Ligand SMILES: NC(=O)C1=CN([C@@H]2O[C@H](COP(=O)(O)OP(=O)(O)OC[C@H]3O[C@@H](n4cnc5c(N)ncnc54)[C@H](O)[C@@H]3O)[C@@H](O)[C@H]2O)C=CC1
Ligand SMILES: NC(=O)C1=CN([C@@H]2O[C@H](COP(=O)(O)OP(=O)(O)OC[C@H]3O[C@@H](n4cnc5c(N)ncnc54)[C@H](O)[C@@H]3O)[C@@H](O)[C@H]2O)C=CC1
Ligand SMILES: O=CNC1CCCCC1
Ligand SMILES: O=CNC1CCCCC1
Ligand SMILES: [Zn+2]
Ligand SMILES: [Zn+2]
Ligand SMILES: [Zn+2]
Ligand SMILES: [Zn+2]
């Protein structure tokens, strides 16, 4: 009854930076060739979406944000072969076109069709499927999940298990997979190692989950909000430290605690200074540091390259290094088989209409993941 | 005639920065417990030794520099078990104590007994074996090879094949092993890959040798001195580019040539700007960049962490990542078995007394490696 037709629905439109989202009616065009229109079931609030509001992450406005979500296919455009109406799906903020040099590389996952490096805020064809008050509205990372319906390119959606609980598995679309993969796939944490995790939000807790799964003997959580420590220990941290408690810089503290530096460190905040601190606290000859946090737009850090010359490895990754369309269904299957848990990340649940309250909870430090239900 | 006694011999003393080496008589104490006195045969002129003269690398002065060398054991102190009088040896500017956490780690080679991080310019016991004009003279990296005799700690010397040609294998003490290992062990260049090498001196040519040995399909040499290109092609470069020939920054040129970025890049110069350019020119999702060059003392580079967040890996290494005492004898044996060539690196051979002329050849751009003979 809606196939081929414009759908009018509610969405959370961001008209300008540093303002509440506006819950109001938008028009969602039907999918074109190789596009998929999705009815949203649940979406999480990730710090990246707040970065859009704050101007930390620059993408064209006005915009429908949201990128960590799950829903049910409402209709498919001409030529779609990988999903069907009625399928449960997770939108992929990093596409997997399967044809570019990165998709063909055994390690790479940052597909060249991404909308991150040179943000356009469009579908792959350079146009928008959203109208609001008669005005075109930008997409976000080819997902735009803060809406009752969205349209994504086929390379930006994965079919998942038909029995999946969408109010939980939406976290596999961003925060869980990012943190878990950063530990198990990017860093390749080893049994018996010592790890340090900077930032104990949804993504940092997922890093801890991955470090424990990889068998780390010590996992040191680092956060300036000590209210985050109890859940960090629940999911695997052996000891938590607040940098504000110490007179010395925390990388000196962590080097002392690890008897000369940690094996693996992770920056999961998004600050230039903590990226450098995290690199410095890994052991100078064989340590590995992974950047996960998003830096403020266009800003450069400063560092002494002797930190690298002694032997450190420094790297970063999007989405935990996972090839998105191959990996998301497998991660869902693994969740259904109880191989990892998502409940520890979910601290609050709200209806989509209370999106602004959900962002207030994030900004206040009270929440990890709030899940919004449509 | 000389065991247990002070040796008066010729050495090249550096009394202060930015002055020629002073060829004069020095006095070399006999070895104490666990020390080894070596009567040098050949020593190479490495850019690192020039960095001491120029103030790029800070180490206590006055000093006997030189660290890339080979000689013959004159005497051993109490407790030495790994070499004997008459053995051919190569001093190790990175020690291998075998006891610290780095030596025990499968990947690490930057032994915690090194004299680089906190330069003292002494023997392990904190004292000097050198006097000149009645003044104590500092050691350099526990080697000090610009002298007819030196004294090193046992952890800083390796015994090598009694039939080795010392006037060639001295290069295994630094330049060859550093460059070759940076490609084959640190970067782990893969066959069919595309590589970019910034700096075509002795170390950069050794990187090229390693990239070719690893089966790279394309090896792009980068140098502002085009006189370096002919030898780079002889040892495996498929193409050479001079940044000053182009209106665009060279990272953009290299990204275009490689159809979107190289697989492996190497900075083998020692400039902050080329360290960042080398990182930028590897492919953003799966590229690897290795810093080999020595940066100017205490200076920080500036970089955008988005270069790492997309997926790049940035690392550095001392001595090609080789565990020094284990690897040097094996590299000499490999040379004797004809597994790699050293002659392409040697452009000049001069008597030790012509040390200053040898440094003039390096500074003028004319030489690769000058070997000084005693
Ligand atoms: N690389 C990727 O693919 C992805 C990156 N991100 C980024 O990861 C970061 C974390 O995301 P979430 O976990 O949702 O964020 P979050 O805000 O829930 O967690 C961040 C934690 O860092 C702590 N923190 C803040 N400043 C600190 C400081 N100076 N020192 C120590 N701790 C400090 C906060 O108290 C907070 O608990 C964000 O920057 C986000 O944009 C998120 C998802 C995917
Ligand atoms: N990491 C380690 O273990 C080691 C590091 N090193 C360092 O490696 C570096 C290279 O050593 P060598 O080969 O002996 O030096 P070299 O001076 O013979 O070679 C350097 C090359 O860089 C080129 N160059 C200079 N500025 C340039 C620019 N802006 N762009 C492009 N090319 C430029 C020069 O023309 C020269 O050919 C030095 O900094 C040295 O201290 C050396 C040995 C061991
Ligand atoms: O949180 C999801 N996506 C992020 C990934 C890191 C760059 C900004 C967008
Ligand atoms: O060239 C020999 N040794 C160098 C290695 C890099 C740091 C300075 C000393
Ligand atoms: Zn996210
Ligand atoms: Zn692709
Ligand atoms: Zn050691
Ligand atoms: Zn050297």
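Quick note: numbers on chain B are straight from Swiss-Prot, i.e. 2-375, in order.
So this one's X-ray crystallography, 1.4 Å, going by the header.
Quick reminder: no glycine exception, Cβ is built from N, Cα and C everywhere.
For B:98, B:101, B:104, B:112, the entry in Swiss-Prot reads Zn(2+) 2 binding site. Per Swiss-Prot, N-acetylserine is recorded for B:2, and the stated evidence type is experimental evidence.
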Other CB atoms, at most 10 A from the CB of residue B:98 (Zn(2+) 2 binding site): 18
Nonlocal residues around residue B:101 (Zn(2+) 2 binding site), in sequence order (Cβ under 8 Å, 6 or more apart): B:112, B:113, B:114
Listed recorded positions adjacent to ligand 7, that is, members of B:2, B:104, B:112 whose C-beta is under 6 A away: B:104, B:112
Other C-beta atoms that fall within 10 angstroms of the C-beta of residue B:112 (Zn(2+) 2 binding site): 24
Site of maximum Cβ density within 10 Å, from recorded positions B:2, B:104: B:104
Alpha-carbon distance [residue B:2 (N-acetylserine); residue B:104 (Zn(2+) 2 binding site)] in Å: 37
DSSP state at residue B:101 (Zn(2+) 2 binding site), helix/strand/coil: coil
8 Å Cβ shell about B:98, B:101, B:104, B:112 centroid, Zn(2+) 2 site members excluded: B:96, B:97, B:99, B:100, B:102, B:103, B:105, B:113, B:114, B:156
Cα separation, residue B:98 (Zn(2+) 2 binding site) to residue B:2 (N-acetylserine) (Å, whole number): 31
The residue listed as 'N-acetylserine': secondary structure state under DSSP, collapsed to three categories: coil
